[PDB]
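Remarks on the structure that follows.
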DNA sequence: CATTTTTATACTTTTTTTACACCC
DNA sequence: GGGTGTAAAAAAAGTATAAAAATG
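Protein chains in written order, with the entry's author numbering: chain A, 0 to 119, 124 to 225; chain B, 0 to 225.
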């Protein structure tokens with residue numbers, strides 16, 4: 000039916016204008032003013048498309064794109080005040096699908112929106132032990148009943164699974180789960196790795212899928 | 000592992016530019032000088048991506064896109080010297096996946112190519128392995144195998160093995176490698192190297208007493224083979 | 001209230017130290 | 001005998017888990 004579009008934008012005027020324009024084209028519109036709320040709404044609302052303004056202060060748009068790409072393949076169209084090539088390349092390599100420099104023609108945006116939308124196999128499941136993981140749907144089934152992970156736990160699991168077979172350093176896991184401002188706190192990582200092992204391993208005391216690489220970091224297997 | 004990009008372009012300057020851009024980050028280039036030739040090769044050569052210049056004189060590029068879209072869903076990125084948005088909208092509605100207007104940089108072009116290609120051509124190619132005897136080493140994944148089984152190395156052992164692997168055949172002095180494994184403060188502690196090379200030897204060699212890959216250069220340092 | 005962060009303590013791995021055999 | 005290879009300790013660094021305090 001109607002396409003669900005999530006708009007992460009801090010400027011009120013642009014939010015209203017875009018809401019008018021996109022609702023006029025027959026799309027259900029959701030907005031977020033911050034990146035964290037935008038990620039939250041991305042998880043809960045499951046939009047078919049995300050418009051993201053890089054001019055958001057509270058965090059980093061690239062960080063948003065990466066965090067989102069840890070589990071979601073939803074098309075992301077970025078709008079920006081800058082038109083510097085380095086920013087385009089960075090955003091696109093982070094996982095963005097398109098880039099527009101402000102100001103732009105609304106018709107062009109509608110066009111690229113249609114292009115992004117019309118590009119749409125079931126979700127890849129990761130199976131190990133008796134656990135079934137669906138990253139795209141953010142659901143995990145141990146055995147046959149759903150097991151609940153907290154936001155940090157799920158992000159950690161997503162990072163580990165996306166790098167299946169490869170060991171990740173504590174710096175990497177911390178940077179990708181908590182962020183750049185908390186890379187000295189390896190104990191966070193120990194604790195939450197503990198949570199994951201507790202919830203998912205058949206024997207939390209002796210892991211067979213969430214392996215400790217002593218002195219380095221951690222690694223998911225199978 | 001190569002991406003087959005077909006460029007539809009007649010002007011030699013832009014074609015040169017596109018060739019340097021495409022060969023820039025490891026791709027293969029098919030060329031077509033007319034729209035008809037473009038369709039023909041689009042079918043016969045099965046490109047992973049088509050870069051199409053709308054500046055082509057032989058006909059309408061948008062109708063090229065419409066004709067192509069009747070039997071192919073290959074990504075097409077459209078180039079243009081104009082920037083009138085109606086042309087953009089027409090091209091995108093026609094079936095194009097992206098639209099670049101002058102002036103386009105080589106970097107942004109390459110980036111957008113990567114974007115258009117990572118939808119289908121993304122299959123996660125296995126990490127490159129370093130092999131000798133029945134030992135397998137994945138530097139990226141930080142995992143070592145010996146036979147079917149997995150061999151665990153401690154961090155220092157791994158740093159050492161990595162440095163040795165990077166310098167296969169070359170003779171390393173104890174000083175310059177102590178400066179690379181431990182650091183610039185244990186440069187005289189040449190006893191650590193002995194016991195730890197002993198660890199690499201008994202962990203990896205078939206006969207740890209008679210090393211085939213971890214050879215010692217008495218007086219100067221060590222040297223790794225294979 | 002669920003969740004994250006701080007706090008405290010038992011535990012395991014790795015590094016360094018220190019020891020005794022080697023060998024042309 | 002200077003330079004080199006196994007083995008075992010003592011020392012240092014790193015890890016697991018619980019549980020209370022803080023966050024919003």
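Idealized CB from N, CA, C, for every residue including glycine.
Cα-Cα separation, residue i to residue j
i             : j             : result
residue 209/B : residue 168/B : 18 Å
residue 75/B  : residue 33/A  : 34 Å
residue 187/A : residue 20/A  : 45 Å
residue 111/B : residue 89/A  : 11 Å
residue 204/B : residue 213/B : 8 Å
residue 94/B  : residue 9/B   : 22 Å
residue 47/A  : residue 2/A   : 6 Å
residue 219/B : residue 217/A : 32 Å
residue 176/B : residue 191/A : 34 Å
residue 221/A : residue 63/A  : 24 Å
residue 170/B : residue 223/B : 8 Å
residue 198/B : residue 207/B : 9 Å
residue 82/A  : residue 166/B : 43 Å
residue 23/A  : residue 126/B : 48 Å
residue 4/B   : residue 116/B : 10 Å
residue 91/B  : residue 45/A  : 25 Å
residue 138/A : residue 42/A  : 11 Å
residue 0/B   : residue 87/B  : 32 Å
residue 28/B  : residue 84/B  : 29 Å
residue 157/A : residue 202/B : 37 Å
residue 185/B : residue 65/A  : 40 Å
residue 99/B  : residue 77/B  : 6 Å
residue 30/B  : residue 118/B : 23 Å
Beta carbon proximity, residue i to chain A, threshold 8 Å
i             : result
residue 206/B : no
residue 24/B  : no
residue 153/B : yes
Buried/exposed call for residue i, threshold 16 Cβ in 10 Å
i             : result
residue 97/B  : buried
residue 71/A  : buried
residue 189/A : exposed
residue 25/A  : exposed
residue 60/B  : buried
residue 16/A  : exposed
residue 182/B : exposed
residue 7/B   : buried
residue 79/B  : buried
residue 67/B  : buried
residue 225/B : exposed
residue 55/A  : buried
residue 37/B  : buried
residue 147/B : exposed
residue 35/B  : exposed
residue 39/B  : exposed
residue 52/A  : buried
residue 143/A : buried
residue 50/A  : buried
residue 200/A : buried
residue 141/B : buried
Within chain B, the residues that residue i reaches when beta carbons sit closer than 9 Å
i             : result
residue 168/A : 126, 137, 140 and 142
residue 87/A  : 104, 106, 107, 110 and 111
Contact with chain B by residue i, beta-carbon distance below 8 Å
i             : result
residue 111/A : yes
residue 186/A : no
residue 120/A : Looking at chain A, the numbering goes 119 and then 124, which leaves residue 120/A without any coordinates in this model.
residue 75/A  : no
residue 114/A : yes
residue 92/A  : yes
Per-residue contacts from residue i into chain A (C-beta, under 7 Å)
i            : result
residue 84/B : 104, 106 and 107
residue 96/B : 114
Taking 8 Å as the threshold, find out whether the segment 96–112 of chain A comes into contact with the segment 124–138 of chain A through three or more Cβ pairs. no
The segment 151–159 of chain A / the segment 133–145 of chain B touching (three or more Cβ pairs under 8 Å): no
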